[PDB]
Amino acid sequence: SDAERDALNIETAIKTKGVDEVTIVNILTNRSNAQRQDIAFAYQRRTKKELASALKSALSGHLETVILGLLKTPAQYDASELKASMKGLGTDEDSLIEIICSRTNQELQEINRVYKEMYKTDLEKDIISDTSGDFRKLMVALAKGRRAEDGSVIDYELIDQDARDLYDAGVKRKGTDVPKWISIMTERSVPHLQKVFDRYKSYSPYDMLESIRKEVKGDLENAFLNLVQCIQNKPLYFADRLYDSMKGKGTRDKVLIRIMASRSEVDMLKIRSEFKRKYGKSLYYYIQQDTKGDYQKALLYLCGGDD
């Protein structure tokens, strides 16, 4: 791909009668995030106008949402989707939960950095202002992106202690020591907590998910359930969420666009394998059945192929 050739073709398509939405999708959804930035700079040189702003005026509907997200860097997109979710008077806890629970340390520290630059306040402060209680404690801890990294020697002794501790703090006692749960689950490494969750099955008659459902409710319950899935198998999590966004009446397009756009160059192939092996048909197939038009062709290129 030639960034200057693409910026030219995208300009010719914006200026074709009715807008040539097809050429725009073919290019942009078939280029890395770096190549999209290149195109966006080249466009700005040929025209002295921002690509993002020209496309907002040229497109509409779901297609516009997809393509303007694509034009953002990974940290910028996630940052913007965290602001969108915390905007207005209410909060979109689900979207918040999904982005925070599923981002790595490296991803979270750049999001924290870029969020400051775009919106002139700190992500933490914006989280504190829109969530309360233990759900705020959990979200604040997760968003620091400071969870311990995997050691070289497995720490079997602490795996057992942590599993015991999760149990003492929950299903065993009356009430719940929620901060014990927040500590263990925000601070320990992902490979470690994978082992904890299995060892926990040794003490408790319920597994980690059952125990969450039986111990807390509401946002806190959702925050912990998403978090355990992301620790256990992150591509499976995104496949399950992709399925939920499409399985019944209509489409939660917001979730479908966000996963396809943010996971396309990260783990889309792993997501597709889990979706196929659990649901029997491809992620590609569910997208084809649920959406129409340029919008559909856009999500399908992000998918990257039928399974």
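Counting begins at 1, following the sequence as shown.
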Quick note on 120-128 and 191-199: per-entry mean CA temperature factor is higher in 120-128
In the PDB record, does 133-141 or 88-96 carry the higher mean Cα temperature factor?
-> 88-96
Residue set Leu236, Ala163, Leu227, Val114, per-entry CA B-factor max assigned to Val114
B-factor third for the C-alpha atom of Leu302 within its chain = lowest
Select lowest, middle or highest to describe the third in which the CA B-factor of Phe275 falls within its chain in this entry.
-> lowest
Chain thirds by Cα B factor, record data; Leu63 belongs to the lowest
Rank-wise, by C-alpha B-factor, drop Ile182 into the lowest, middle or highest third of its chain.
-> lowest
Check where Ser264 lands among this chain's C-alpha B-factors and tell me if it's the lowest, middle or highest third.
-> lowest
